[PDB]
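Peer 1: Let me begin by handing over the structure; questions about it come next.
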Amino acid sequence: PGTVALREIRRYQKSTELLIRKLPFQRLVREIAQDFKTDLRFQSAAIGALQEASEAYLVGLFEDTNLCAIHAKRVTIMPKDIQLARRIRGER
Amino acid sequence: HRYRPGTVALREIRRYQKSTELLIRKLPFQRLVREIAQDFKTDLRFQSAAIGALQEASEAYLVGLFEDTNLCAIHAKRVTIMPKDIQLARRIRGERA
Amino acid sequence: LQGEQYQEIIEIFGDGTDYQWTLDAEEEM
Amino acid sequence: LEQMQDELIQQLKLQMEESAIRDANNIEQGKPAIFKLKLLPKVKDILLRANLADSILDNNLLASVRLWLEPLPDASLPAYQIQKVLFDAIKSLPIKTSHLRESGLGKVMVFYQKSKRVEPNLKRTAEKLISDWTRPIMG
Amino acid sequence: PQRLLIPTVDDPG
Amino acid sequence: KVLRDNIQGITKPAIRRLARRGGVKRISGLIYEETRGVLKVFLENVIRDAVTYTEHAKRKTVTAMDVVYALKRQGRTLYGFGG
Amino acid sequence: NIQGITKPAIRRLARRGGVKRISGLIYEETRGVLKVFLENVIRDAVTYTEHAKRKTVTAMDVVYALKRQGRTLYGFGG
Amino acid sequence: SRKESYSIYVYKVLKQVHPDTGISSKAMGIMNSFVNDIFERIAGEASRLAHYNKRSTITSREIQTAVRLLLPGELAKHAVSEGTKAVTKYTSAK
Amino acid sequence: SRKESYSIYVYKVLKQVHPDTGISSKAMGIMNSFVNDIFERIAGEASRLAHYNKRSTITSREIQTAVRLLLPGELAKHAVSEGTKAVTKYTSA
Amino acid sequence: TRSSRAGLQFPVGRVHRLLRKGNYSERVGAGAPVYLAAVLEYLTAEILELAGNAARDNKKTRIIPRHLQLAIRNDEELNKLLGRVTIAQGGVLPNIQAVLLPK
Amino acid sequence: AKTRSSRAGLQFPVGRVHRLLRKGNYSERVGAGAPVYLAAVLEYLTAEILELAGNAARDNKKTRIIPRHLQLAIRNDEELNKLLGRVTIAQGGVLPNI
């Protein structure tokens, strides 16, 4: 336990391709946009940029969470590590 | 008599979160500022207000950093802040690479 | 000397025309 | 401390400019220049204070110094006391090329050097100061 | 000229 | 048609892949929901600005430059899609 | 002049920050961090002062240098 | 040196909201710095918006949308309400 | 419509630096975004300095000190040297 | 005066001049300075209201920087708005962590 | 040397930078060497980045530079990454770091 996970880490760090599925993400974005103005249109590049920014943000957040979890002498990331990371970043 | 270790600590915490006065002596900070500045250009003046502003900013920065350090220390299930806590806080902020 | 700092010297000290007329009036009087 | 000195020096600058304008008008109105003489003691006391030189250079009071040293349109030179005090103050302060560029006092210094109604001692001091100010430009 | 020939620091003593 | 509860389109293996790219070896089960909420709050903050730009240009389509400006406002400058 | 930041002063700053217990290396670590911060801020301030050609760093130079870092300070003429 | 500030206006506003309350000089300085800061933020956002939309003019639409971008929900709502009220009251008269 | 981009200039610079290397379209988009971003940063900081000093002109001094503020040590030194060299030779020519 | 016409206390002429001399746009419409002055007046009124409340809470009749800091850091929306600013002589909020409290 | 780029020995357009500085609402007046200085700086920085991007593409046995190589060049250079620490690169991936 812990070898295929490292192999997948290595694999996914060698690559750049987006990890969240494109159409579920589109539907999520439309659902969220449905509150601020009814029946909006979106460019495809807008959704692509949103997905790139979201994945970059989440990867940075997982980096900070991993740092905190290692600090606690652990290897498992827990929600309180996320909360501490978002607190120190200054996130609300 | 004698107090439990940490009772005077909490008394001081209460006392210093109430006051606003500068906790660094003025002349040492001025000497430090001049020592640092002398490495970029000789014969500089600073206004007294420039030193005051620098001291306010430096203490505010250090207090925020100590708050983050305290948060990290409590996260690790401890009470004593350590240099690794400071390094972790500065890394998470994005200050050290 | 060198031309650019010669221009700088002219700028600092002037060609005298700012007070050449004053000098002329002084010599006239 | 030093923001306050800059404000006081700016007030002195305004007073000096106003006094120069008033004296010029009085001469144009057939009256002697007295306001400059009245303001001379305070200007002398301020200039003699060495620690205020940095603030003087930060407010460019040398512009008003040159304005006072500039001969009036009637081809009449300023009072000898004013010239002597201003020359002593110029000697007493570390004037650099940047300050001369800001003030442009070199033109008036050259005029004083070339003029003959100027006192010969002032002529020699003007030559010395001009040479000292040309020293950094050439090396 | 005459003014430019004034001595400098690197001129002979 | 209205979209209802599409947050579960961020599948658990997707969050696991994002964690592996982040270097996480072992992941607690409450993370996935945590992350989902975080992402929601992020997108709601970015989209509210992008839409604000789109509505101010008196347009009806959200363009890539609107997203770019919304990100730039948060210090999230993005190269590759214009700028 | 970096030894002028004594141990009691760092203790006071930590107590206003709510810290209950302090290691022994915290003092040197804090001195290093403060030195880095002050180095950056004074470098920016002196850059501004060089642009202004002034014989003093003014309070405006410090305020603009903090605005440059994102540490906006109120109450000094901003 | 006749340099401008907002001290008298801040004092008038204070006496409009709190009649029996004064203000120190250091707090008046801080409030002046705060006003200048918020002005600078709003004007920079308005300028960026105008340049995005290819317009030479800063109107009340740019100011309103910059307010919406900058302030949080309830605060932005109240501020827009106040601004619209004032603009209509000023425009109705002359 | 004639859209403006720095693509040809990046090709020129690349061939100057790496004659046997090519750039993808997306990498050129990134480079264009970078150039625009740096221009915006520098012009905004130059304007801020000009307003700070009650000036209504952007001269090479403002740009130089903006580069001094933005770039780190060695980068600032080399870029300042390059800019002064180019400005000197443009003036001379 | 243009402040009176809009029923305002902040200056319209000063703000228009600052917008004009700030190199923001080629021309400035007449409804922008009124709107911006109204926003600034609203925000300062809110700030001064909470700071006066905080100063009365301390039984003082004059506002000091401490009360401004307390009003800012105690209001969620303002504290989110003024999230990066430091106030000289403002201090910090009293905050002791749960695990540090004695037993 | 007709173009102002030639008179300065540059590859970036001096005239376009001049037009953008003027028709950009930055200041009432613009110098004559500010566009030259800025174009020189921009060209130098692009050359700096392209050198390391070419190095990274040559370490991966590739002839074309892609966003991956730009990401590697930026995140591997101490000064560039400090300059570009708050910038997201599309299709740039991450740095191998275990």
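Every residue number used here counts from 1 along the chain in the order it is shown.
According to its header, this structure was worked out by electron microscopy, 3.6 Å.
Quick reminder: no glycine exception, Cβ is built from N, Cα and C everywhere.
Residues annotated as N6-methyllysine in Swiss-Prot, with experimental evidence given as evidence: F:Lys1. The SUMO2 cross-link feature in Swiss-Prot is assigned to F:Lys1, F:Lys12, F:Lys40, F:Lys60, F:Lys72. The feature UFM1 cross-link is assigned by Swiss-Prot to F:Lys12, with experimental evidence given as support. Taken from Swiss-Prot, the feature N6-butyryllysine covers F:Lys25, F:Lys58 (among others), and the record attributes it to experimental evidence. If you look up Swiss-Prot, you'll see F:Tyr32 (among others) marked as phosphotyrosine, on the strength of a large-scale study or a structure entry. Look at Swiss-Prot and you will find F:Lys40, F:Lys58, F:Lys72 (among others) tagged as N6-glutaryllysine, backed by experimental evidence. Here Swiss-Prot flags F:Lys40 (among others) as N6-(2-hydroxyisobutyryl)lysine, drawing on experimental evidence. Feature annotation from Swiss-Prot assigns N6-succinyllysine to F:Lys58 (among others); the stated evidence is experimental evidence. Per Swiss-Prot, the feature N6-propionyllysine maps to F:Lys60, F:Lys72 (among others); the stated evidence is experimental evidence. According to Swiss-Prot, the phosphothreonine annotation covers F:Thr61. As annotated by Swiss-Prot, ubiquitin cross-link applies to F:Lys72.
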Peer 1: Consider the recorded positions F:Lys1, F:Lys12, F:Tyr32 and say which one has the Cα lying nearest the Cα of F:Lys58 (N6-butyryllysine).
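Peer 2: That would be F:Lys1, the closest of F:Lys1, F:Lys12, F:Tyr32 to F:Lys58 (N6-butyryllysine).
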Peer 1: Reported as an integer number of Å, what is the Cα distance between F:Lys25 (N6-butyryllysine) and F:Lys72 (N6-propionyllysine)?
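Peer 2: Here the two Cα atoms are 33 Å apart.
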Peer 1: For each of F:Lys25, F:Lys58, F:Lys60, count the other CB atoms within 10 A of its CB; which of these modified residues has the top count?
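Peer 2: Output for this query is F:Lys25.
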Peer 1: So which of the modified residues F:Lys1, F:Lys25, F:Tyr32, F:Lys58, F:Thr61, F:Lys72 end up next to chain A, with Cβ to Cβ under 8 Å?
Peer 2: F:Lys25, F:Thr61
Peer 1: Would you mind sorting out which of F:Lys1, F:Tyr32, F:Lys40, F:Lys60, F:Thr61, F:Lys72 (the modified residues) have a C-alpha within 10 A of the one on F:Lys12 (UFM1 cross-link)?
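Peer 2: The modified residues close to F:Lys12 (UFM1 cross-link) (Cα within 10 Å), listed in sequence order, are F:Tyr32.
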Peer 1: If you count CB neighbours within 10 Å, which one among the recorded positions F:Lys12, F:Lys72 has the smallest count?
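Peer 2: Ranked by other Cβ atoms within 10 Å, the recorded positions F:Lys12, F:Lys72 bottom out at F:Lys12.
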Peer 1: Using a 10 Å cut-off on Cβ-Cβ distances across all protein chains shown, tell me which of the modified residues (F:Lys1, F:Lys40) has the largest neighbour count.
Peer 2: F:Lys40
Peer 1: Sort out the sequence-distant neighbours of F:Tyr32 (phosphotyrosine) for me: same chain, 6+ apart, CB within less than 8 Å of its CB, listed by position.
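Peer 2: When sequence neighbours closer than 6 are ignored, F:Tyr32 (phosphotyrosine) has F:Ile10, F:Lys12, F:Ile15 within Cβ distance under 8 Å.
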Peer 1: Just the number: how many Å between the Cα atoms of F:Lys40 (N6-glutaryllysine) and F:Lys60 (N6-propionyllysine)?
Peer 2: 23
Peer 1: CB neighbours of the residue listed as 'phosphothreonine' within 10 A?
Peer 2: 12
Peer 1: Reduced to three states, what secondary structure does DSSP give F:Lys58 (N6-butyryllysine)?
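Peer 2: The residue in question, F:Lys58 (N6-butyryllysine), is coil (DSSP, three-state).
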